[PDB]
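Take a look at the structure below.
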Amino acid sequence: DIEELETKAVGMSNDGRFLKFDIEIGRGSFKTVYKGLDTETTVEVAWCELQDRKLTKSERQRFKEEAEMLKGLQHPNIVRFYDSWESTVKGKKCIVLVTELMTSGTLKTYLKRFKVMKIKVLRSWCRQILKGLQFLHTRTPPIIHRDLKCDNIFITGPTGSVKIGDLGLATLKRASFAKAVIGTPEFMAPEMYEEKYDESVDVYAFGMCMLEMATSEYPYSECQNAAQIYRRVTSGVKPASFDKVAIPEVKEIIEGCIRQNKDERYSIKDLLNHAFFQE
Ligand SMILES: COc1ccc(OC)c2[nH]c(=O)c(CCNC(=O)c3ccccc3I)cc12
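With the deposited numbering applied, the sequence shown covers 203 to 481.
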């Protein structure tokens, strides 16, 4: 039986396999994450509650389909996905995901704490992300992340590896939607503003992640809103921070990755083959 010495169980999956605990693990955007338990296995999981929002019919179906496909997936540099379903308690409805639990939190958090990365760490972590992306891209059908950022790359441990999270949630990003000016303005790949993407959207995102890691700032901080950024991205204007990359080989890789024309970008295969990533 579950002892509730400090923490009460406050929710369950339909079959009661998964339990939610009233310990919040983290908050970001349109989700809160709780400590959970897989009672089959006695293994702690993340109980992620996505903000109550009305989804369109298409969004609901895209998501349930993509979720299914995540279910079996196991790779060192991917955060495992277990299940998801609609949930309510009192007056609040939400989507729950149960996933592997990453208690060391995000790359973003780390980069906020440690503003100078060692080349060795940048090399090894960027490589892991690429292995992750390559695993996704080679599923059947291929899984494209579509919203990769430091905010959804997770560290296993201060000296551990990284794992890509946020799998499948891009389906609920309203990339083509008008949106409120709040928080730091975001960019995306040129073609992604109109959702005409393929695997190369992840390459662009990867390059921007690498840039952020190398410079320790979010690209395009010189812009006040996402409209300004849009105009730059879709006109080939790089973020100021590009010019602050100290190390020639890193700058080259980033440059290969963040090209305006998606067809001109490095492939993942290229990148894993590159001297920089070949020790
Ligand atoms: C969401 O915000 C946080 C803030 C802080 C965290 O740790 C301090 C988090 N740890 C997690 O395991 C998680 C959940 C990780 N799981 C995933 O990202 C994931 C993986 C596959 C499919 C879907 C997903 I919301 C979130 C988290």
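Note that beta-carbon positions come from the ideal geometry of N, C-alpha and C, so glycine has one too.
- Per DSSP, reduced to three states, the secondary structure at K292 is coil, with no helix or strand assignment.
- For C296, the distance from the CB to the nearest heavy atom of ligand 1 is not below 6 Å.
- The continuous stretches of beta strand (DSSP E) do not include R329, which lies in the alpha helix (DSSP H) extending over residues 321 to 339.
- When rounded, the separation of the alpha-carbon atoms in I455 and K333 is 16 Å.
- Beta-bridge pairing by DSSP links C250 to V235, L299.
- For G228, no alpha helix (DSSP H) encloses it; the enclosing beta strand (DSSP E) starts and ends at 220 to 230.
- Proximity to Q276 across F479, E206, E302 peaks at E302, based on C-alpha coordinates.
- For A211, the shortest separation between its Cβ and any heavy atom of ligand 1 does not lie below 6 Å.
- The chain-ordered list of residues whose CB is nearer than 7 Å to some heavy atom of ligand 1 reads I227, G228, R229, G230, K233, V235, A248, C250, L272, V281, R282, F283, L299, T301, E302, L303, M304, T305, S306, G307, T308, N354, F356, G367, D368, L369, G370, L371.
- CA-CA distance, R325 to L313, rounds to 15 Å.
- Ranked by how close their Cα comes to the Cα of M271, the residues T290, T342, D240, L257 have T342 in first place.
- According to the DSSP assignment, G409 belongs to the alpha helix (DSSP H) that extends over 402 to 417.
- Out of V298, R262, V291, the CA that lies nearest to the CA of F283 is found in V298.
- Its Cα nearest to that of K471, the residue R329 stands out among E388, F316, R329, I204.
- For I366, the enclosing beta strand (DSSP E) covers residues 364 to 366.
- Here the alpha carbons of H339 and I345 stand approximately 5 Å from one another.
- When beta bridges are read from the DSSP output, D285 appears opposite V300.
- When the beta-carbon positions are compared, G370 and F356 stay at least 7 Å from each other.
- Annotated as proximal: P441 and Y422, with beta-carbon spacing under 7 Å.
- One thing to note: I227 has its Cβ within 7 Å of the Cβ of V235.
- The residue among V212, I204, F265, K210 with its C-alpha nearest the C-alpha of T243 is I204.
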